[PDB]
Each structure stands twice: as C-alpha cells, then as structure tokens.
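Have a look below at one chain only, the form deposited in one PDB entry, in structure tokens format.
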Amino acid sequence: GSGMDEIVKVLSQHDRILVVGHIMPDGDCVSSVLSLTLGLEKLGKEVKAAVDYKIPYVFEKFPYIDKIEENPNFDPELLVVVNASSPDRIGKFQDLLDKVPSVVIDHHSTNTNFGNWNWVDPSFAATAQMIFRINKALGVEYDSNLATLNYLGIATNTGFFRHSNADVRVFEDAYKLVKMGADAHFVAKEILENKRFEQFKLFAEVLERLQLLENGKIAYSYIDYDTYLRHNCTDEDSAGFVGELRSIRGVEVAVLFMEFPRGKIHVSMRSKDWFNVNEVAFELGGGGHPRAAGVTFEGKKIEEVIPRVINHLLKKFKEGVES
C-alpha cells in the first residue's frame, strides 16, 4: 500500500483534521492519537482528537489527555484513524468513512486497509513509532510533553522493553524521546503503579481456575462475566493477567478467556520461546504476533469457547513438538 511519504503528503495538504483512535483504547492508542494531534497542531492545523469510548483511569494524569473527546463538534476535511485494524474498531466514527477522505496509520498486520490512503507496517512494535516518524518528516519539533506522550505507546507495546519486539529500533526511538525530555518514570508509574485492590482479588480468581496441560507447558484460566461483576471489575482490570501466567517457570503458552460483556469472549494468548500463537489465533478467526495474539467471539458460551480453543491449541502444540 501507501508508504510513509504518501501519508506525509496527504497530511500536509489538509488543515482541518479529526484524529480517531479505537474503542477499548490502550497505551499505543492514546500515544498515537495525542502525538499525532499535537504534532499536527504544531504545524498550525486545526485538529480534534476522538475515541468513542471511556478513557481508562491510568491515563487521567497524562498531559493533554482531555484533548481526546467523545463528542467532537467538528467538520473535518480529513479523518486520520490510528492503531485501529478495522472500521468497527472506531465505534460511531466509522460513519465518517462514507463522508470524509480518510488516512489509516497502523502496525497491525490484520488491518483491512479501509482508508483512502493506508500506511500499515507490521514491523513496528507500536503505531506510536510510525507517528514519531511522520511528525519528524513533517518538521515537527518535540518538547518534553510531546516526547512523553510519544514514548507511552513504545513502552506499553514492548512491555516496557521486555518483549521479543524490544529491538534496536525500539531502543533507538526510546533513547531519542528520553533525550528530548520524555518522562519515562512518569509513564511507568501511571500505567503500572495504579493497581486496584479488586484487581488482586480478580487475579486470585484466575489462579483458582488455573489449569496446566502438556507437562506444565500450557497454562490457561478464565474470567466469566459474573466473576467480573463480583469484583466490581471490567476487562480493563484484567490487563496483563495473561502475561503473569506466561511468567510461570516452564510455561511455553498461556491463554486467558475473558467474558465481558455477556457472551463476548475474548481469548488472549501469550508464548515464551517458540510456539507461534498468531498461527493458532488466525486459524480461530483472530490474529496477532508470534508471542502475543488473540481472538474474540460473539454470541457463545464461555463453556463452548474454552474447550474448542484448547483443543486447537493442543493439536497445534503437538504438531509443533514433532519438529
């Protein structure tokens, strides 16, 4: 599809821009939305930012977080959708795709290329890294606030420099941003040192349901909808739980099944050394990365999804072991 140079040209040609992120926004969504919005505003453009979803509490102290609106009153010339793989992921703003020329910028290999112009590069760990390069190509100069906001998505999507994607390019980008004043400690404190007591109790439920398979190489658990309700939690509160299960010594693949809301089952998969969970996810209707992937089902009992997913995982695991 289009490369960065074409996207930079299109952005340079329009001065009234609506930047839209996806529902259930994460660090890379917030980082990409705000870094692009503020970068474009430094070029003098009139820019609003929007997400059709509540912003998670861990973002509440971030500079300019209030710039992300739920109901922008705005007549944009250009819609720029960041970090969203498909039109359904941007909620009510998908209606604008029929009316406003659109740019898509994303790192997800599952992106449906739904914009008029699309720059999709799955070699980046974070869409925020693509925004960083676009801002530089446009001539934007960062201050510490913009550096912090752009650092956020690189940090969150690499697990704060822990996952397999924490490579030279990630460390180069992070060093550049920290040199420009990015507050790495602030970002870690707000994202990671903000636990609710209810989250400890919710993870205790996960451990109570934990099952090991294949001589300890596979671990899985689940959170049904009533269990979220019992602890005054949503699927916001189980973020990172599946990584805790992968962190068990000897576990190669961890899987967590999450029902929220009723009958919506999200399956999060993580692997350690060799098992390609993106292949298992894709075969089930989802996708992702070799070490972290997922799939989402609508209209199914958690009791039906769990054994079907575990069955396919076990068959793929046995096939993988046989060299």
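Throughout, we count residues from 1 along the sequence that is shown. Take the two forms, superpose them, and find the largest set of C-alpha atoms that agree within 1.5 Å; that set is the rigid core.
Unshown form deposited in another entry; subsequent notes refer to it.
Put simply, after the core is superposed between the shown form and the other one, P72 is the one residue in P72, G181, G159, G243 with a Cα shift of at least 2 angstroms. Core-superposed comparison between the shown form and the other one: the C-alpha position of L38 differs by less than 2 Å. When the rigid core is held fixed, the Cα atom of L284 travels 2 angstroms or more between the shown form and the other one.
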